[PDB]
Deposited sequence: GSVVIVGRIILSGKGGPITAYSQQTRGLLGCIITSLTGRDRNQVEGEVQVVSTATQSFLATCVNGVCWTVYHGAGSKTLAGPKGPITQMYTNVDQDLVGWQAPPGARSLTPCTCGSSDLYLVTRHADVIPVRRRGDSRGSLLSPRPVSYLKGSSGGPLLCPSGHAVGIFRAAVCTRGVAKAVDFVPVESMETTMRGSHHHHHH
């Protein structure tokens, strides 16, 4: 079925809060119809299928997320299901045109290695960039704390998008690093391929 927006995370010193928008039954029904008439807000949508849930981050008018979560699915939308605009499997990256009410981040251009990861619980945590697509979590947390956060954003100090969260690098259930899809992969995708 379609990917469905089931809530959102709204970003503010970077802070975040979350709001629910859909229940489980409506999530299921909307998945089958592909028709979502709800108002959209915020930079980050909580999204779900009938089987799994994760995050999507809007950067420059596109809502991006992970292929391992969204596969090839449409996004439920006010005029019916929205076909993916970009589908990059090797990069594990898909995007739909942002629903109109959604608020876009703009890509980071400052090059800071001081990042923040916004989690599915709307907690904002410090990450130090170590390369194109990895950052260490400066305060290691159980991997459970990061469950549901796939597709959420990494931000620089100025609140611009650095990337989207892909997987945790863990030893013994403790997340010490994250793996992320760089914002450069999004621009390479929009070129491009």
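Unmodelled regions (deposited sequence positions with no C-alpha coordinates, counted from 1) are 13-16, 198-203.
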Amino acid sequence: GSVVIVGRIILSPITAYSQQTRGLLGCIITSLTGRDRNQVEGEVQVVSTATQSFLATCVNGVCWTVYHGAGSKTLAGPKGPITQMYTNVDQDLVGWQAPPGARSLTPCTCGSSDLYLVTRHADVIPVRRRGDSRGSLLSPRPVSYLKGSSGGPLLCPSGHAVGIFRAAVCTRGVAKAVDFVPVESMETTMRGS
From here on, numbers count along this sequence of modelled residues.
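In this entry, the higher average B-factor at the C-alpha atoms falls on 124-132, of the pair 147-155 and 124-132. The PDB entry records a higher mean C-alpha B factor for 82-90 than for its counterpart among 82-90 and 68-76. The entry assigns its greatest Cα B factor, within the set 11, 169, 24, 181, to 169. Ranked within its chain, residue 60 lands in the highest third, by CA B factor from the PDB record. Annotation for residue 99: C-alpha temperature factor in the highest third relative to the rest of the modelled chain, per the entry.
The deposited CA B-factor of residue 53 belongs to the lowest third of values across its chain. Ranked against the other modelled residues of its chain, the C-alpha B-factor of residue 38 as given in the entry falls in the middle third.
When the modelled residues of the chain are ordered by C-alpha B-factor, residue 44 sits in the lowest third.
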